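Here we start with a single chain on its own, the form deposited in one PDB entry, put down as structure tokens.
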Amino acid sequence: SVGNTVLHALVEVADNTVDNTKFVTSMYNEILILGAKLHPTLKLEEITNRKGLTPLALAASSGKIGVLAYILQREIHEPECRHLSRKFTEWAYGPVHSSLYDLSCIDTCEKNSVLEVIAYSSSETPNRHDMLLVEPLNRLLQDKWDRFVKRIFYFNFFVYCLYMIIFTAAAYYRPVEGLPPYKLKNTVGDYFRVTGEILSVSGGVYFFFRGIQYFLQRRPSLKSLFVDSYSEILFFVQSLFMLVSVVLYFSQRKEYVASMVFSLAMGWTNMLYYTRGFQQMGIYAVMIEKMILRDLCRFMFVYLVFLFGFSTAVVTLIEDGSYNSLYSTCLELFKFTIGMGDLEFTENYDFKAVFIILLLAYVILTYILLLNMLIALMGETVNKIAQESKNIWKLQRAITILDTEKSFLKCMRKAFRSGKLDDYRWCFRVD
């Protein structure tokens, strides 16, 4: 009905349990063998459904770990069936076994490769996180990293550091005259300043168009828009602030500074994107992302409810006879959170006992709030957050490898390890 065959149904049946995995594996193997015996001329696994996914691509995209692990490491040691295998063993010693894997459909299917569907999954799949631990995929990604992607990624991080340093210098040394745009001066420092500004705007345009390219190629669902693509959204919003700053700058508004500094701040925090992909340092940025997306909404809602309620109570209580505004009272109550609450910031009230009782209740409740946030987050420290962060680190490495391979910047796409070692299957030697 959906253009698929029995193998896609087999992929759908599996639920990453031992018995169902073995059942699906047995059916998959027997069906492949019988299909080869019935139709030796047909490629059984190359039929794509209406979504353009092969059974291997469907297993990769659907989060079916057992099926993917079986298929990628499938090996056959009987006549009339060796042509259906993907793994081939070259040497068999005690501790080490050297074997050739098939890179076909893993690096490219011309629509949807295995690494692409794994990396660019919706993140709502059951356990895609561990799919990169499968031997051929793990070693392929590590080889791609150590070969050429590592240097390219470090170069991109260095270039981003230069871009941010130039942006910081250009923004720091912005002229303080009124009503932009500003006329240049013959002093060399001003030529360096405008060169830095031009480079900053160029980088902003680059990130803007890269963000548009990402959103058009990925087409986020608008429900998982922030769950995935978080770093891309932050880079795009930083570029949006940069371009709004350019518009305000040429529109003769000093409010361009209001945009620019936000972009500047975002730009520096966007260096955490490059931190992700490091085994030790990337975990921290991953945890920041997950806390902001997942655990910050409820805390900020409850905290702002308490802050607004008690600030409205306090500002109602105080009357002039300084701080008479709701904003000032909100700031004074927020100061308690940062350990700078005066607790006698005004005397412009009647019923001092009421004012002090309100502030003490706010303090006690706010510390209860912070304590409950801590407790709620520490309830998830039993192997959950650590495993999730290591998994996201692996996924970021995979995504970086895929993006760098997509760019290649050399008009040359060849990045295979062993080559076509007839069975031209793009072998991959693993020792």
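Just count from 1 along the sequence shown to find any residue number. The term rigid core refers to the most C-alpha atoms you can superpose between the two forms while keeping them within 1.5 Å.
>> Does at least a third of the other compared PDB entries (those resolving both flanking residues) leave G321 without coordinates?
In response: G321: unmodelled in at least a third of the other compared entries.
> Looking at the deposited sequence, how many residues between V13 and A14 were given no coordinates in the entry: none, 1 to 3, 4 to 9, or 10 or more?
Replying inline: Gap between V13 and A14: none.
>> What does the record say about the segment between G321 and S322: how many deposited residues are without coordinates (none, 1 to 3, 4 to 9, 10 or more)?
In response: Per the record, 10 or more deposited residues are absent between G321 and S322.
Separately, the form deposited in another entry exists; it is not shown, and the next lines address it.
> Among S328, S229, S259, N112, whose C-alpha is off by 2 Å or more between the shown form and the other one on a rigid-core fit?
Replying inline: Meeting the 2 Å or more criterion is only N112.
>> So that I can tell if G339 moves, could you say whether its C-alpha shifts by at least 2 Å between the shown form and the other one after the core superposition?
In response: No.
>> Please determine whether the C-alpha atom of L402 is displaced by 2 Å or more between the shown form and the other one following superposition on the rigid core.
In response: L402 C-alpha, core-superposed: shift of less than 2 Å.
> Honestly, after the rigid core fit, is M291 moving at least 2 Å at Cα between the shown form and the other one?
Replying inline: Where the cores coincide, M291 still shows a C-alpha shift between the shown form and the other one that is 2 Å or more.
> Where do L234 and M373 end up in that other deposited form, Cα atoms closer or farther than shown, with a change of 3 Å or more?
Replying inline: Farther, not closer.
>> Given that the shift is 3 Å or more, do the Cα atoms of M373 and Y230 end up closer or farther apart in that other deposited form than in this form?
In response: Result: farther.
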